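*Asks:* Just one file: coords_3.cif, with mmCIF, N, CA and C atoms.
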```
data_data
#
loop_
_atom_site.group_PDB
_atom_site.id
_atom_site.type_symbol
_atom_site.label_atom_id
_atom_site.label_comp_id
_atom_site.auth_asym_id
_atom_site.auth_seq_id
_atom_site.Cartn_x
_atom_site.Cartn_y
_atom_site.Cartn_z
ATOM 1 N N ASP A 52 -23.489 35.405 -25.295
ATOM 2 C CA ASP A 52 -23.479 36.000 -26.631
ATOM 3 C C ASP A 52 -24.849 35.864 -27.302
ATOM 4 N N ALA A 53 -25.845 36.458 -26.644
ATOM 5 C CA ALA A 53 -27.183 36.525 -27.231
ATOM 6 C C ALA A 53 -27.249 37.628 -28.285
ATOM 7 N N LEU A 54 -27.065 38.874 -27.860
ATOM 8 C CA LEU A 54 -26.999 40.040 -28.743
ATOM 9 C C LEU A 54 -27.999 39.926 -29.893
ATOM 10 N N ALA A 55 -29.272 39.822 -29.523
ATOM 11 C CA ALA A 55 -30.353 39.711 -30.493
ATOM 12 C C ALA A 55 -30.802 41.059 -31.042
ATOM 13 N N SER A 56 -30.146 42.152 -30.655
ATOM 14 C CA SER A 56 -30.509 43.497 -31.090
ATOM 15 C C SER A 56 -29.373 44.153 -31.869
ATOM 16 N N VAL A 57 -28.759 43.399 -32.781
ATOM 17 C CA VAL A 57 -27.688 43.918 -33.626
ATOM 18 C C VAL A 57 -28.177 45.178 -34.330
ATOM 19 N N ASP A 58 -27.265 46.117 -34.581
ATOM 20 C CA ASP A 58 -27.633 47.385 -35.199
ATOM 21 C C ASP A 58 -28.330 47.155 -36.532
ATOM 22 N N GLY A 59 -27.604 46.599 -37.500
ATOM 23 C CA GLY A 59 -28.188 46.330 -38.804
ATOM 24 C C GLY A 59 -28.967 47.512 -39.329
ATOM 25 N N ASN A 60 -30.241 47.277 -39.623
ATOM 26 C CA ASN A 60 -31.164 48.306 -40.081
ATOM 27 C C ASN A 60 -32.276 48.468 -39.046
ATOM 28 N N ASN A 61 -33.080 49.517 -39.214
ATOM 29 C CA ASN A 61 -34.187 49.776 -38.295
ATOM 30 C C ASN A 61 -35.360 50.303 -39.111
ATOM 31 N N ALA A 62 -36.375 49.464 -39.302
ATOM 32 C CA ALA A 62 -37.586 49.865 -40.015
ATOM 33 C C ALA A 62 -38.677 48.858 -39.694
ATOM 34 N N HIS A 63 -39.756 49.318 -39.065
ATOM 35 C CA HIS A 63 -40.877 48.451 -38.738
ATOM 36 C C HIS A 63 -42.151 49.276 -38.649
ATOM 37 N N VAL A 64 -43.259 48.658 -39.058
ATOM 38 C CA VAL A 64 -44.564 49.310 -39.046
ATOM 39 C C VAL A 64 -45.509 48.523 -38.150
ATOM 40 N N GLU A 65 -44.955 47.847 -37.146
ATOM 41 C CA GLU A 65 -45.753 47.063 -36.213
ATOM 42 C C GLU A 65 -46.506 45.957 -36.938
ATOM 43 N N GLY A 66 -45.773 45.099 -37.642
ATOM 44 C CA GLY A 66 -46.374 43.991 -38.355
ATOM 45 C C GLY A 66 -45.608 43.647 -39.613
ATOM 46 N N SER A 67 -46.332 43.306 -40.680
ATOM 47 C CA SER A 67 -45.731 42.980 -41.972
ATOM 48 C C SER A 67 -44.607 41.954 -41.805
ATOM 49 N N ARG A 68 -44.976 40.789 -41.267
ATOM 50 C CA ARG A 68 -44.036 39.689 -41.058
ATOM 51 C C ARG A 68 -42.884 40.141 -40.154
ATOM 52 N N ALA A 69 -43.240 40.377 -38.891
ATOM 53 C CA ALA A 69 -42.270 40.814 -37.891
ATOM 54 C C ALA A 69 -41.042 39.913 -37.906
ATOM 55 N N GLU A 70 -39.935 40.397 -37.343
ATOM 56 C CA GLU A 70 -38.627 39.775 -37.512
ATOM 57 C C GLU A 70 -38.611 38.291 -37.160
ATOM 58 N N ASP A 71 -39.593 37.801 -36.402
ATOM 59 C CA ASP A 71 -39.712 36.371 -36.131
ATOM 60 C C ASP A 71 -38.387 35.788 -35.656
ATOM 61 N N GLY A 72 -37.978 36.137 -34.439
ATOM 62 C CA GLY A 72 -36.712 35.686 -33.896
ATOM 63 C C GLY A 72 -36.432 34.221 -34.160
ATOM 64 N N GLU A 73 -35.152 33.862 -34.214
ATOM 65 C CA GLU A 73 -34.705 32.541 -34.640
ATOM 66 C C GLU A 73 -34.053 31.800 -33.480
ATOM 67 N N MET A 74 -34.659 31.914 -32.298
ATOM 68 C CA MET A 74 -34.194 31.225 -31.096
ATOM 69 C C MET A 74 -32.729 31.568 -30.805
ATOM 70 N N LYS A 75 -32.468 32.867 -30.689
ATOM 71 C CA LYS A 75 -31.134 33.325 -30.311
ATOM 72 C C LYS A 75 -30.643 32.700 -29.015
ATOM 73 N N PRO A 76 -31.471 32.518 -27.984
ATOM 74 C CA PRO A 76 -30.999 31.864 -26.755
ATOM 75 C C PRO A 76 -30.697 30.388 -26.954
ATOM 76 N N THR A 77 -30.416 29.694 -25.852
ATOM 77 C CA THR A 77 -30.037 28.280 -25.841
ATOM 78 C C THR A 77 -28.938 28.001 -26.870
ATOM 79 N N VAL A 78 -27.864 28.780 -26.750
ATOM 80 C CA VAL A 78 -26.606 28.520 -27.443
ATOM 81 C C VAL A 78 -25.628 28.011 -26.392
ATOM 82 N N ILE A 79 -26.175 27.377 -25.352
ATOM 83 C CA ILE A 79 -25.402 27.026 -24.170
ATOM 84 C C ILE A 79 -24.146 26.258 -24.557
ATOM 85 N N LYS A 80 -23.074 26.486 -23.802
ATOM 86 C CA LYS A 80 -21.808 25.783 -23.946
ATOM 87 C C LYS A 80 -21.688 24.726 -22.851
ATOM 88 N N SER A 81 -20.525 24.085 -22.786
ATOM 89 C CA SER A 81 -20.282 23.061 -21.777
ATOM 90 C C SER A 81 -18.819 22.644 -21.837
ATOM 91 N N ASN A 82 -18.399 21.899 -20.815
ATOM 92 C CA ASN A 82 -17.049 21.362 -20.741
ATOM 93 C C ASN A 82 -17.044 20.202 -19.752
ATOM 94 N N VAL A 83 -15.912 19.513 -19.681
ATOM 95 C CA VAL A 83 -15.768 18.335 -18.852
ATOM 96 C C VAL A 83 -14.927 18.688 -17.630
ATOM 97 N N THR A 84 -14.923 17.800 -16.638
ATOM 98 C CA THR A 84 -14.091 17.934 -15.450
ATOM 99 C C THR A 84 -13.048 16.825 -15.419
ATOM 100 N N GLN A 85 -11.811 17.195 -15.100
ATOM 101 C CA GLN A 85 -10.698 16.267 -14.999
ATOM 102 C C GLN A 85 -10.519 15.806 -13.557
ATOM 103 N N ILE A 86 -9.918 14.629 -13.414
ATOM 104 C CA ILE A 86 -9.637 14.026 -12.119
ATOM 105 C C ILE A 86 -8.137 13.801 -12.013
ATOM 106 N N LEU A 87 -7.569 14.177 -10.872
ATOM 107 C CA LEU A 87 -6.145 14.037 -10.612
ATOM 108 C C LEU A 87 -5.946 13.273 -9.314
ATOM 109 N N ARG A 88 -4.960 12.380 -9.309
ATOM 110 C CA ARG A 88 -4.683 11.547 -8.151
ATOM 111 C C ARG A 88 -3.194 11.242 -8.100
ATOM 112 N N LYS A 89 -2.769 10.697 -6.964
ATOM 113 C CA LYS A 89 -1.399 10.245 -6.765
ATOM 114 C C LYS A 89 -1.329 9.545 -5.418
ATOM 115 N N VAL A 90 -0.387 8.615 -5.297
ATOM 116 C CA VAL A 90 -0.268 7.774 -4.113
ATOM 117 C C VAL A 90 1.062 8.054 -3.431
ATOM 118 N N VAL A 91 1.078 7.885 -2.108
ATOM 119 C CA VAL A 91 2.271 8.138 -1.309
ATOM 120 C C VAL A 91 2.624 6.863 -0.548
ATOM 121 N N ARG A 92 2.339 5.709 -1.156
ATOM 122 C CA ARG A 92 2.600 4.416 -0.536
ATOM 123 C C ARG A 92 3.946 4.411 0.178
ATOM 124 N N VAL A 93 3.976 3.782 1.351
ATOM 125 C CA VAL A 93 5.174 3.683 2.176
ATOM 126 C C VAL A 93 5.710 2.264 2.066
ATOM 127 N N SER A 94 7.023 2.142 1.891
ATOM 128 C CA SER A 94 7.649 0.834 1.773
ATOM 129 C C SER A 94 7.360 -0.013 3.011
ATOM 130 N N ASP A 95 7.518 -1.331 2.853
ATOM 131 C CA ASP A 95 7.240 -2.253 3.950
ATOM 132 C C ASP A 95 8.371 -2.274 4.970
ATOM 133 N N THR A 96 9.615 -2.419 4.513
ATOM 134 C CA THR A 96 10.756 -2.480 5.417
ATOM 135 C C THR A 96 11.316 -1.105 5.749
ATOM 136 N N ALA A 97 11.509 -0.245 4.747
ATOM 137 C CA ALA A 97 12.001 1.113 4.974
ATOM 138 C C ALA A 97 10.844 1.976 5.479
ATOM 139 N N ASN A 98 10.438 1.688 6.713
ATOM 140 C CA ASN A 98 9.328 2.373 7.356
ATOM 141 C C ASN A 98 9.641 2.540 8.835
ATOM 142 N N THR A 99 8.975 3.513 9.454
ATOM 143 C CA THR A 99 9.159 3.800 10.876
ATOM 144 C C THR A 99 10.608 4.174 11.176
ATOM 145 N N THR A 100 11.211 4.954 10.282
ATOM 146 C CA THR A 100 12.604 5.359 10.403
ATOM 147 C C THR A 100 12.696 6.802 10.882
ATOM 148 N N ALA A 101 13.754 7.098 11.632
ATOM 149 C CA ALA A 101 14.012 8.457 12.087
ATOM 150 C C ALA A 101 14.851 9.197 11.053
ATOM 151 N N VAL P 152 16.491 1.524 -1.077
ATOM 152 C CA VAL P 152 15.604 2.603 -0.655
ATOM 153 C C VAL P 152 15.215 3.434 -1.872
ATOM 154 N N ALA P 153 15.249 2.817 -3.048
ATOM 155 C CA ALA P 153 14.890 3.498 -4.285
ATOM 156 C C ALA P 153 13.369 3.498 -4.440
ATOM 157 N N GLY P 154 12.896 3.926 -5.612
ATOM 158 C CA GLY P 154 11.468 3.950 -5.881
ATOM 159 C C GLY P 154 10.797 2.597 -5.761
ATOM 160 N N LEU P 155 11.569 1.513 -5.809
ATOM 161 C CA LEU P 155 11.002 0.178 -5.696
ATOM 162 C C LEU P 155 10.220 0.039 -4.391
ATOM 163 N N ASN P 156 9.385 -1.000 -4.329
ATOM 164 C CA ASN P 156 8.442 -1.125 -3.222
ATOM 165 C C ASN P 156 9.095 -1.738 -1.987
ATOM 166 N N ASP P 157 9.503 -3.006 -2.070
ATOM 167 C CA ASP P 157 10.055 -3.697 -0.909
ATOM 168 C C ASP P 157 11.580 -3.642 -0.885
ATOM 169 N N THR P 158 12.220 -4.217 -1.902
ATOM 170 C CA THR P 158 13.679 -4.284 -1.996
ATOM 171 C C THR P 158 14.311 -4.534 -0.628
ATOM 172 N N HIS P 159 13.804 -5.552 0.061
ATOM 173 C CA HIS P 159 14.280 -5.870 1.400
ATOM 174 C C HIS P 159 13.993 -7.334 1.696
ATOM 175 N N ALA P 160 14.748 -7.878 2.645
ATOM 176 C CA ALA P 160 14.611 -9.254 3.095
ATOM 177 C C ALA P 160 14.398 -9.284 4.606
ATOM 178 N N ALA P 161 14.341 -10.497 5.151
ATOM 179 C CA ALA P 161 14.107 -10.668 6.578
ATOM 180 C C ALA P 161 15.182 -9.956 7.389
ATOM 181 N N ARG P 162 14.814 -9.560 8.604
ATOM 182 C CA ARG P 162 15.709 -8.861 9.514
ATOM 183 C C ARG P 162 15.682 -9.535 10.877
ATOM 184 N N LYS P 163 16.828 -9.527 11.556
ATOM 185 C CA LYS P 163 16.952 -10.151 12.864
ATOM 186 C C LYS P 163 17.882 -9.312 13.727
ATOM 187 N N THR P 164 17.804 -9.534 15.036
ATOM 188 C CA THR P 164 18.567 -8.757 15.997
ATOM 189 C C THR P 164 19.871 -9.469 16.352
ATOM 190 N N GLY P 165 20.594 -8.896 17.310
ATOM 191 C CA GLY P 165 21.781 -9.522 17.854
ATOM 192 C C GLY P 165 21.464 -10.268 19.132
ATOM 193 N N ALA P 166 21.513 -11.595 19.075
ATOM 194 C CA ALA P 166 21.078 -12.415 20.193
ATOM 195 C C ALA P 166 22.089 -12.347 21.337
ATOM 196 N N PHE P 167 21.665 -12.860 22.493
ATOM 197 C CA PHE P 167 22.540 -12.922 23.659
ATOM 198 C C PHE P 167 23.809 -13.702 23.344
ATOM 199 N N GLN P 168 23.657 -14.961 22.932
ATOM 200 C CA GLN P 168 24.804 -15.805 22.622
ATOM 201 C C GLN P 168 25.614 -15.287 21.443
ATOM 202 N N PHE P 169 25.072 -14.353 20.664
ATOM 203 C CA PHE P 169 25.780 -13.802 19.517
ATOM 204 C C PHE P 169 26.521 -12.514 19.837
ATOM 205 N N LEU P 170 26.102 -11.789 20.872
ATOM 206 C CA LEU P 170 26.701 -10.502 21.196
ATOM 207 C C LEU P 170 27.880 -10.601 22.151
ATOM 208 N N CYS P 171 27.968 -11.665 22.949
ATOM 209 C CA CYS P 171 29.068 -11.779 23.900
ATOM 210 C C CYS P 171 30.345 -12.244 23.208
ATOM 211 N N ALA P 172 30.334 -13.463 22.667
ATOM 212 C CA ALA P 172 31.471 -13.963 21.896
ATOM 213 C C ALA P 172 30.960 -15.108 21.022
ATOM 214 N N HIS P 173 30.753 -14.824 19.739
ATOM 215 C CA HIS P 173 30.249 -15.824 18.797
ATOM 216 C C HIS P 173 31.444 -16.542 18.184
ATOM 217 N N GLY P 174 31.996 -17.491 18.935
ATOM 218 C CA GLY P 174 33.143 -18.247 18.474
ATOM 219 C C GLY P 174 32.782 -19.307 17.454
ATOM 220 N N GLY P 175 32.241 -18.879 16.315
ATOM 221 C CA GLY P 175 31.867 -19.799 15.260
ATOM 222 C C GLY P 175 30.375 -20.056 15.207
ATOM 223 N N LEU P 176 29.785 -19.903 14.026
ATOM 224 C CA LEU P 176 28.358 -20.102 13.827
ATOM 225 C C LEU P 176 28.108 -21.414 13.096
ATOM 226 N N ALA P 177 27.070 -22.132 13.526
ATOM 227 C CA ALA P 177 26.633 -23.360 12.874
ATOM 228 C C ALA P 177 25.488 -23.108 11.900
ATOM 229 N N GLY P 178 25.449 -21.923 11.298
ATOM 230 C CA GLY P 178 24.360 -21.535 10.425
ATOM 231 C C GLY P 178 23.824 -20.170 10.799
ATOM 232 N N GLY P 179 22.535 -20.099 11.108
ATOM 233 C CA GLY P 179 21.926 -18.891 11.620
ATOM 234 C C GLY P 179 21.998 -18.749 13.122
ATOM 235 N N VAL P 180 22.830 -19.550 13.789
ATOM 236 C CA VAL P 180 22.936 -19.562 15.241
ATOM 237 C C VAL P 180 24.391 -19.806 15.621
ATOM 238 N N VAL P 181 24.758 -19.343 16.816
ATOM 239 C CA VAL P 181 26.111 -19.544 17.316
ATOM 240 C C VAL P 181 26.329 -21.019 17.613
ATOM 241 N N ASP P 182 27.532 -21.506 17.315
ATOM 242 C CA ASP P 182 27.872 -22.894 17.595
ATOM 243 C C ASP P 182 28.058 -23.081 19.095
ATOM 244 N N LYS P 183 27.289 -24.002 19.678
ATOM 245 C CA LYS P 183 27.304 -24.245 21.115
ATOM 246 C C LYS P 183 28.315 -25.311 21.519
ATOM 247 N N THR P 184 29.361 -25.522 20.714
ATOM 248 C CA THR P 184 30.375 -26.519 21.035
ATOM 249 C C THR P 184 31.788 -26.008 20.767
ATOM 250 N N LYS P 185 31.983 -24.693 20.708
ATOM 251 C CA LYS P 185 33.289 -24.111 20.434
ATOM 252 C C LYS P 185 33.525 -22.945 21.378
ATOM 253 N N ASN P 186 34.652 -22.976 22.084
ATOM 254 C CA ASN P 186 34.987 -21.897 22.998
ATOM 255 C C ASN P 186 35.226 -20.602 22.231
ATOM 256 N N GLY P 187 35.024 -19.481 22.919
ATOM 257 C CA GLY P 187 35.204 -18.187 22.311
ATOM 258 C C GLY P 187 36.664 -17.856 22.100
ATOM 259 N N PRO P 188 36.903 -16.722 21.448
ATOM 260 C CA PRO P 188 38.278 -16.292 21.194
ATOM 261 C C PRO P 188 38.911 -15.657 22.421
ATOM 262 N N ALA P 189 40.232 -15.782 22.498
ATOM 263 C CA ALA P 189 40.972 -15.205 23.611
ATOM 264 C C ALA P 189 40.946 -13.685 23.525
ATOM 265 N N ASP P 190 40.487 -13.046 24.594
ATOM 266 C CA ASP P 190 40.430 -11.593 24.634
ATOM 267 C C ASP P 190 41.841 -11.020 24.556
ATOM 268 N N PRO P 191 42.160 -10.199 23.551
ATOM 269 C CA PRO P 191 43.527 -9.660 23.474
ATOM 270 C C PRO P 191 43.859 -8.713 24.611
ATOM 271 N N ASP P 192 42.853 -8.088 25.227
ATOM 272 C CA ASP P 192 43.117 -7.157 26.318
ATOM 273 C C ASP P 192 43.809 -7.859 27.480
ATOM 274 N N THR P 193 43.227 -8.960 27.959
ATOM 275 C CA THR P 193 43.760 -9.690 29.098
ATOM 276 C C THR P 193 44.023 -11.161 28.824
ATOM 277 N N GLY P 194 43.501 -11.716 27.733
ATOM 278 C CA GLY P 194 43.662 -13.128 27.459
ATOM 279 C C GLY P 194 42.588 -14.002 28.061
ATOM 280 N N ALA P 195 41.393 -13.465 28.277
ATOM 281 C CA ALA P 195 40.307 -14.205 28.896
ATOM 282 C C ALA P 195 39.370 -14.777 27.839
ATOM 283 N N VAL P 196 38.549 -15.735 28.265
ATOM 284 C CA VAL P 196 37.568 -16.384 27.402
ATOM 285 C C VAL P 196 36.274 -16.496 28.196
ATOM 286 N N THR P 197 35.256 -15.737 27.796
ATOM 287 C CA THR P 197 33.971 -15.764 28.481
ATOM 288 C C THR P 197 33.074 -16.902 28.015
ATOM 289 N N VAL P 198 33.495 -17.674 27.016
ATOM 290 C CA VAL P 198 32.717 -18.787 26.479
ATOM 291 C C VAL P 198 33.633 -20.004 26.474
ATOM 292 N N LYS P 199 33.435 -20.906 27.435
ATOM 293 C CA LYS P 199 34.237 -22.116 27.557
ATOM 294 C C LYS P 199 33.315 -23.319 27.674
ATOM 295 N N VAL P 200 33.530 -24.308 26.815
ATOM 296 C CA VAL P 200 32.775 -25.556 26.834
ATOM 297 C C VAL P 200 33.774 -26.673 27.113
ATOM 298 N N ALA P 201 33.922 -27.026 28.386
ATOM 299 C CA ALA P 201 34.874 -28.053 28.774
ATOM 300 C C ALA P 201 34.260 -29.441 28.619
ATOM 301 N N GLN P 202 35.126 -30.452 28.642
ATOM 302 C CA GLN P 202 34.728 -31.856 28.535
ATOM 303 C C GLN P 202 35.423 -32.614 29.663
#
```
I need this file expressed as C-alpha cells, please.

*Replies:*
Amino acid sequence: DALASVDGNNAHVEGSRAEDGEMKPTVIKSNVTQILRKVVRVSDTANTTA
Amino acid sequence: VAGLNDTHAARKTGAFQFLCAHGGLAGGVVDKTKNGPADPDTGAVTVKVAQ
C-alpha cells in the first residue's frame, strides 16, 4: 500500500517547493510464528500388545 | 488402560509347579508339602509327597 500517486490535484511548474515526498515506503508489516506440539507416549506395561 | 501412564503392577507367568496341580500356595509359590487334588476324571493325583 504505497500508492504515492493519489489522484488529488495535478499542478506543477517543475519546482516551487516540489511535493517533497514523506517517505511513503517502509510501512512494512510483520507477524509472529506459532509452535505446535504433542506427544504419543506409550505406556510401560500396556505395550507390545496385539 | 486409561489415559494414565502406568496404572500397572508387577507381572509373572505360570510356573511349572503352578500349572500342573497347585495344591495350596505358601505365598507367591506353590506349597511343596501338600499333595495335589484328586482328579475328578479318574481320581488320580500327579503331586504326592509321601512320608

*Asks:* Determine which residues of chain A sit within 6 Å of chain P, taking into account only N, CA and C atoms, and present them as a VMD selection string.

*Replies:* chain A and resid 94 to 96

*Asks:* Expanded to explicit residues, what is the PyMOL selection byres ((chain A and resi 76) around 8) for this file, as a count of residues only?

*Replies:* 10

*Asks:* Could you tell me how far CA of residue 180 (chain P) lies from CA of residue 193 (chain P), in Å and to one decimal?

*Replies:*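 Here the two named atoms are 26.9 Å from each other.
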
*Asks:* Have a look at atom N of residue 164 (chain P) and atom C of residue 188 (chain P) and let me know their distance in Å, one decimal.

*Replies:* 23.2 Å

*Asks:* Please give the centre and size of the box around region 64-68 of chain A (axis-aligned, containing every atom listed in the file, 6 Å added per side), with values in Å to one decimal and written as JSON.

*Replies:*
```
{"center_x": -44.7, "center_y": 44.5, "center_z": -39.1, "size_x": 15.6, "size_y": 21.6, "size_z": 17.8}
```

*Asks:* Using CA of residue 183 (chain P) and CA of residue 167 (chain P) as the two end points, give the distance in Å to one decimal.

*Replies:*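 One can read the CA of residue 183 (chain P) to CA of residue 167 (chain P) distance as 12.5 Å.
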
*Asks:* List the spatial neighbours of residue 200 (chain P) as an NGL selection string - criterion: any atom at most 7 Å away, all atoms listed in the file, same-chain residues fewer than 6 positions off excluded.

*Replies:* :P and (183-187)

*Asks:* Quick one: write out the picked residues with N, CA and C atoms as a tab-separated table (two decimals), in the frame of the given file?

*Replies:*
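Listed below is the output, again-v9.tsv:
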```tsv
chain	number	residue	atom	x	y	z
P	183	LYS	N	27.29	-24.00	19.68
P	183	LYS	CA	27.30	-24.24	21.12
P	183	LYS	C	28.32	-25.31	21.52
P	184	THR	N	29.36	-25.52	20.71
P	184	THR	CA	30.38	-26.52	21.04
P	184	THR	C	31.79	-26.01	20.77
P	185	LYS	N	31.98	-24.69	20.71
P	185	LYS	CA	33.29	-24.11	20.43
P	185	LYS	C	33.52	-22.94	21.38
P	186	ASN	N	34.65	-22.98	22.08
P	186	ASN	CA	34.99	-21.90	23.00
P	186	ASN	C	35.23	-20.60	22.23
P	187	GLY	N	35.02	-19.48	22.92
P	187	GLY	CA	35.20	-18.19	22.31
P	187	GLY	C	36.66	-17.86	22.10
```

*Asks:* Using DSSP on the backbone coordinates, identify all residues within chain P classified as helix (DSSP H, G or I); present the result as a list in words.

*Replies:*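 Restricting chain P to helix (DSSP H, G or I) produces residues 167, 168, 169 and 170 of chain P.
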
*Asks:* Write region 174-191 of chain P as a PDB file, in the coordinates of the input, completed to N, CA, C and O atoms.

*Replies:*
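The resulting file, selection_37.pdb, is shown below:
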```
ATOM      1  N   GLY P 174      31.996 -17.491  18.935  1.00  0.00           N
ATOM      2  CA  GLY P 174      33.143 -18.247  18.474  1.00  0.00           C
ATOM      3  C   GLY P 174      32.782 -19.307  17.454  1.00  0.00           C
ATOM      4  O   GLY P 174      32.989 -20.500  17.688  1.00  0.00           O
ATOM      5  N   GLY P 175      32.241 -18.879  16.315  1.00  0.00           N
ATOM      6  CA  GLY P 175      31.867 -19.799  15.260  1.00  0.00           C
ATOM      7  C   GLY P 175      30.375 -20.056  15.207  1.00  0.00           C
ATOM      8  O   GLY P 175      29.760 -20.393  16.223  1.00  0.00           O
ATOM      9  N   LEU P 176      29.785 -19.903  14.026  1.00  0.00           N
ATOM     10  CA  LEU P 176      28.358 -20.102  13.827  1.00  0.00           C
ATOM     11  C   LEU P 176      28.108 -21.414  13.096  1.00  0.00           C
ATOM     12  O   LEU P 176      28.836 -21.767  12.163  1.00  0.00           O
ATOM     13  N   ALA P 177      27.070 -22.132  13.526  1.00  0.00           N
ATOM     14  CA  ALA P 177      26.633 -23.360  12.874  1.00  0.00           C
ATOM     15  C   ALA P 177      25.488 -23.108  11.900  1.00  0.00           C
ATOM     16  O   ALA P 177      24.640 -23.983  11.695  1.00  0.00           O
ATOM     17  N   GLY P 178      25.449 -21.923  11.298  1.00  0.00           N
ATOM     18  CA  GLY P 178      24.360 -21.535  10.425  1.00  0.00           C
ATOM     19  C   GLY P 178      23.824 -20.170  10.799  1.00  0.00           C
ATOM     20  O   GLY P 178      24.567 -19.184  10.806  1.00  0.00           O
ATOM     21  N   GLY P 179      22.535 -20.099  11.108  1.00  0.00           N
ATOM     22  CA  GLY P 179      21.926 -18.891  11.620  1.00  0.00           C
ATOM     23  C   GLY P 179      21.998 -18.749  13.122  1.00  0.00           C
ATOM     24  O   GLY P 179      21.294 -17.908  13.690  1.00  0.00           O
ATOM     25  N   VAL P 180      22.830 -19.550  13.789  1.00  0.00           N
ATOM     26  CA  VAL P 180      22.936 -19.562  15.241  1.00  0.00           C
ATOM     27  C   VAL P 180      24.391 -19.806  15.621  1.00  0.00           C
ATOM     28  O   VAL P 180      25.165 -20.396  14.864  1.00  0.00           O
ATOM     29  N   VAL P 181      24.758 -19.343  16.816  1.00  0.00           N
ATOM     30  CA  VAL P 181      26.111 -19.544  17.316  1.00  0.00           C
ATOM     31  C   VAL P 181      26.329 -21.019  17.613  1.00  0.00           C
ATOM     32  O   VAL P 181      25.431 -21.716  18.105  1.00  0.00           O
ATOM     33  N   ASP P 182      27.532 -21.506  17.315  1.00  0.00           N
ATOM     34  CA  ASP P 182      27.872 -22.894  17.595  1.00  0.00           C
ATOM     35  C   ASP P 182      28.058 -23.081  19.095  1.00  0.00           C
ATOM     36  O   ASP P 182      28.884 -22.404  19.715  1.00  0.00           O
ATOM     37  N   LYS P 183      27.289 -24.002  19.678  1.00  0.00           N
ATOM     38  CA  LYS P 183      27.304 -24.245  21.115  1.00  0.00           C
ATOM     39  C   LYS P 183      28.315 -25.311  21.519  1.00  0.00           C
ATOM     40  O   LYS P 183      28.147 -25.955  22.565  1.00  0.00           O
ATOM     41  N   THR P 184      29.361 -25.522  20.714  1.00  0.00           N
ATOM     42  CA  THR P 184      30.375 -26.519  21.035  1.00  0.00           C
ATOM     43  C   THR P 184      31.788 -26.008  20.767  1.00  0.00           C
ATOM     44  O   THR P 184      32.709 -26.819  20.612  1.00  0.00           O
ATOM     45  N   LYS P 185      31.983 -24.693  20.708  1.00  0.00           N
ATOM     46  CA  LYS P 185      33.289 -24.111  20.434  1.00  0.00           C
ATOM     47  C   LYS P 185      33.525 -22.945  21.378  1.00  0.00           C
ATOM     48  O   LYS P 185      32.697 -22.034  21.461  1.00  0.00           O
ATOM     49  N   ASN P 186      34.652 -22.976  22.084  1.00  0.00           N
ATOM     50  CA  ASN P 186      34.987 -21.897  22.998  1.00  0.00           C
ATOM     51  C   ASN P 186      35.226 -20.602  22.231  1.00  0.00           C
ATOM     52  O   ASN P 186      35.583 -20.609  21.050  1.00  0.00           O
ATOM     53  N   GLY P 187      35.024 -19.481  22.919  1.00  0.00           N
ATOM     54  CA  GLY P 187      35.204 -18.187  22.311  1.00  0.00           C
ATOM     55  C   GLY P 187      36.664 -17.856  22.100  1.00  0.00           C
ATOM     56  O   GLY P 187      37.576 -18.591  22.502  1.00  0.00           O
ATOM     57  N   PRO P 188      36.903 -16.722  21.448  1.00  0.00           N
ATOM     58  CA  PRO P 188      38.278 -16.292  21.194  1.00  0.00           C
ATOM     59  C   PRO P 188      38.911 -15.657  22.421  1.00  0.00           C
ATOM     60  O   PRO P 188      38.239 -15.071  23.271  1.00  0.00           O
ATOM     61  N   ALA P 189      40.232 -15.782  22.498  1.00  0.00           N
ATOM     62  CA  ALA P 189      40.972 -15.205  23.611  1.00  0.00           C
ATOM     63  C   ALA P 189      40.946 -13.685  23.525  1.00  0.00           C
ATOM     64  O   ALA P 189      41.333 -13.101  22.508  1.00  0.00           O
ATOM     65  N   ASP P 190      40.487 -13.046  24.594  1.00  0.00           N
ATOM     66  CA  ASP P 190      40.430 -11.593  24.634  1.00  0.00           C
ATOM     67  C   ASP P 190      41.841 -11.020  24.556  1.00  0.00           C
ATOM     68  O   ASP P 190      42.670 -11.322  25.429  1.00  0.00           O
ATOM     69  N   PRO P 191      42.160 -10.199  23.551  1.00  0.00           N
ATOM     70  CA  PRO P 191      43.527  -9.660  23.474  1.00  0.00           C
ATOM     71  C   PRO P 191      43.859  -8.713  24.611  1.00  0.00           C
ATOM     72  O   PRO P 191      45.041  -8.545  24.936  1.00  0.00           O
TER      73      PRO P 191
END
```
